Structures are given as structure tokens and as C-alpha cells.
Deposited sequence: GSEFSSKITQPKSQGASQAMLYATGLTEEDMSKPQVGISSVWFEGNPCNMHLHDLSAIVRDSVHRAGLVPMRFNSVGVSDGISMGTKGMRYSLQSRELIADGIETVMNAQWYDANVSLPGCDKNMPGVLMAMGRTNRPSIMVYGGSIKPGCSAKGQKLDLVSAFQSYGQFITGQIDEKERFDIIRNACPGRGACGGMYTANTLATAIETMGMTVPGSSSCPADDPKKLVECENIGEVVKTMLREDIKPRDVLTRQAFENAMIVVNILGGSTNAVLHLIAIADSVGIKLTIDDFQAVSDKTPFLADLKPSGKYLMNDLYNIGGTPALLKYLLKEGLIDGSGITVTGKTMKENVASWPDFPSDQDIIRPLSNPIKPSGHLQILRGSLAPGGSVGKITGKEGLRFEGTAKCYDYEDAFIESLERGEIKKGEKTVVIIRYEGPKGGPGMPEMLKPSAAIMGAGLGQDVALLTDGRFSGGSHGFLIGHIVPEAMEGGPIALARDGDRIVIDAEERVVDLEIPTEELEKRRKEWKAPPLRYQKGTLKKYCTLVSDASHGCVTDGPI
């Protein structure tokens, strides 16, 4: 009739149907439910990052074409969450995310931290009947959001992203969170830079005893109070601000007041007294090889300086095959560059799992540093640096390095330097020629045309 219409956006690929429960709750609250579905992530890696744009574009399109008054989003898989939040920032109409439930991914905890979910959503397991009851009572949350006009730009403030980076830092830190939180902040009109991540990492310790290098899993947090208990603990220590409005109509502090604290005998989150590391893992490095920035998680076991000989590879398998031929030697310090894997070169910055694993399997973690304009995934006992800007496809210095060049990685200076003369670097750029875009037609052709560099979250509609 004249009731508000609530779009219910799912990202589904064929266990309860959470979307059907949301629909019945929205109807019971006096609103009109409108379920719709979106494609998502669910060689194949080259479509993953650009699927985030398809989610943001698709949901924005339906929300605006039909002009739904509010949004409930069920991203399902964790990898569908960023594009879901970007669509909310574009419409800026009252919206809420319902996490699918627990099944080291920190982004769902960070999204609840920012207040785009009811308390416990991100830590409640998918099995639990409490996940069903959350969706059974989401209708009144949406009606309250419409009554009090709680919009994504009211909730996703600059301080909300500060809390998100801190919580991510506390739990170990994701390098993908750099891409996604910058893009999500961009969608609500907030300028978030890689240097903002460095600032948090300098002042915030690492407290979560989590695998692969720790003892516990993120699923273990639910049994000691879940995400609300974690926020209560960080609020008690004064590390986060709880005064920000959320989708419930209350602040973070008000939301978590009624939830129980951590049990005193918990060893998943270290006390501030005894941190696993006094500063954050995530480090931003620039220098003559990555003047536009780069991203790496630094444990401290890599050492504080790595100077070595460059060996360059224009695709992932080229490195693995040169490794298997014994062209990378023990006792020598070698800096491996795997380039043309960036946003446009990949395309889509495909996550490479094999380079870091192959170096541990050969006992070279202390003799080999890894650099790329794309992404690494596994862990290495040496330097793992990605997101190097400009990428090789754009003609950055990473494309101009040659075998035999000296490269320095300094973790305290936070530079990756190509030890060649500036005149020579400019001469090499005058000889470089851009290869064609990998795809001349289709969705990847359009994505390559629009995508920004990694230091801007690879947003595709023009960084603010």
C-alpha cells in the first residue's frame, strides 16, 4: 500500500533460508518485503575482485530503480560482504547487514564493530537458532531505522573505520581489509588512506592468539562472549570509541552494556600487559620501487633489512618454474619480483598462494624476499609485500627492474628501493611499452578500464 518497501538483497549460490525468515519478519513489522538476489564470488581468481563491483553495482541498481525505502543484505559468503556494504553507501538509505554466521577472516567482526549489524551477528554461528531469531526480529530493527533515519553515512563515520582498523589490527590484520575498508569508506564519502592503516598499526598491539601461527580459531570467540564481549574488552582498555550510532538506534557502548564480558581465564585475546606483538603486523612501504605504496604483514622474524639481487617474473608460474630449475640459490639474498599481476595486469589482483608455499618447501624463507603488484596469500618467514603501486601494467618502477638490480627492503624506513640511478630509471621508462589489456571484450575489459590503483582500494567509479 503506502508502507515502506524493504529490499532484501541476497548473494546466493545453490541450513535454513535466512532470506525467507527476514521477509516474514519485515512483513510482520508492517513493512513490504522485496527479496532479490545478486551474483557474487561464492584464472577464476581474476573475476573475484571485480565481482565486488558487480555486487555494489547490481544492488545499487535495484535499490534505486525500484526505490526501496530500506535494505537488508545477506551476503552469505564472507567475500560478498564488501560489495554489499558499498551498495549501502551509495543509496545511503537505512540498511543493515545480517552475517550468515560462523562456519582468519576478520572483516565480519569489523563490520559489526562499525555498527552495520545487530550485536552478535558476526560471531553467532550459522548453526545456531539464535541466528534464526536474529532474522525473526530484523523487521523491527529496520522499522526503527526508518523512524529515526539511521543511514549508512550516519553510522559509517571516520571514527567507525578507526575502530574497524583497530579491531582488525587486534585480531592479526588483513591486507585485503586495506582494499575493502578503503573502498567501503570511499562509498560513504570518507577519505581513508594506506597511511591511516600505518598509524593504527603503530599505536595498536596484536592480542589474538589465532591460527595458523596461534592456538585458536575465530569460531572460538563465540563461546567466550563473541564480538560484543571483544568490544566490551577493547572499550574497557580505552582502545576504541563506543559513542558512535549503530543500526539499533543505540551507540556501541549502549549495545554491549547488556552483554556478558570475557571470562577471566580466557587466553584467546591477550591482555594489554602481555601482547603477542606491541605493534601491528600491517606495514606500509614506499621507496623508489613502490612510490605509490605497498602492503605487507611483518611478523618481526623477517629481520629489519633485506638487500638482495633482483630476479623478475611476468607471471606466477614463471617464478615457480625458475625455482624448480634451481635458478634461485641458497646463501644468496635474492629479491623475487612477480609483476603484471596487479588490478589491470592480473587482472583483478589474483591471490597467489604458490609462491610463498614453494619457498618454505625449499627452505629459502631467509634468502628470498617476495614482491608483487598483486596479492600473496600464504605466510612466509621472509618479506611478503604486495599491492605495489604503480603496478607493472601502468609502467611503475616495478616494471623497470631487471635481473641483477640491487633492491633494498628496510622495515624501519618502510621503503622498497630499486638501487639504480634515477637517470637510469627514467631511461628504462622511456624504453618500456605498455602491453595490451588482457581482455579486449567482456566484464574484465570494462573493469580494467575503470579500476584505480591498490592504494585507493581499487575503486572503479573515481576515488573521492
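In sequence order, the gaps in C-alpha coverage of the deposited chain fall at 1-30, 45-51, 80-86, 148-199.
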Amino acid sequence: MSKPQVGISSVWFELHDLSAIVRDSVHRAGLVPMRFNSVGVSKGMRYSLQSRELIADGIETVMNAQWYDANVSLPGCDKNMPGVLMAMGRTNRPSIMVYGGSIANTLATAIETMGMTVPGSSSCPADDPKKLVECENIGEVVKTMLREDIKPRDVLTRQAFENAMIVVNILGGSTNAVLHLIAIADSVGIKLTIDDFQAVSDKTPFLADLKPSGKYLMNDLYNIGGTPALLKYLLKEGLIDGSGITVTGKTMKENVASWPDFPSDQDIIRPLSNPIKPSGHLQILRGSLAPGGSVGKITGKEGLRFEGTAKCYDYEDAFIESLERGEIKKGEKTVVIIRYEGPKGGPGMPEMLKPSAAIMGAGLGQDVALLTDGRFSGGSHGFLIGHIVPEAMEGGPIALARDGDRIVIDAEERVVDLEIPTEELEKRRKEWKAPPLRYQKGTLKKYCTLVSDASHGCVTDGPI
From here on, numbers count along this sequence of modelled residues.
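Higher mean CA temperature factor, per the PDB entry, when comparing 132-140 with 205-213: 205-213. Mean CA temperature factor is higher for 319-327 when stretches 147-155 and 319-327 are set side by side in the entry.
Looking only at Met218, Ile194, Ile245, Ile240, the residue with the top Cα B factor in the deposited structure is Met218. Between the residues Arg428, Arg28, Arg52, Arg46, it is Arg428 that shows the highest Cα B-factor in the PDB record. In the deposited entry, the Cα temperature factor of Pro390 places it in the lowest third of its chain's modelled residues. Compared with the other modelled residues of the chain, the Cα B-factor recorded for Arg375 ranks in the middle third. Annotation for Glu14: CA B-factor lies in the highest third of the chain's modelled residues.
The PDB entry assigns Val39 a C-alpha temperature factor belonging to the middle third of its chain's modelled residues. Per the PDB record, residue ranking by Cα B-factor puts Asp417 in the middle third of the chain.
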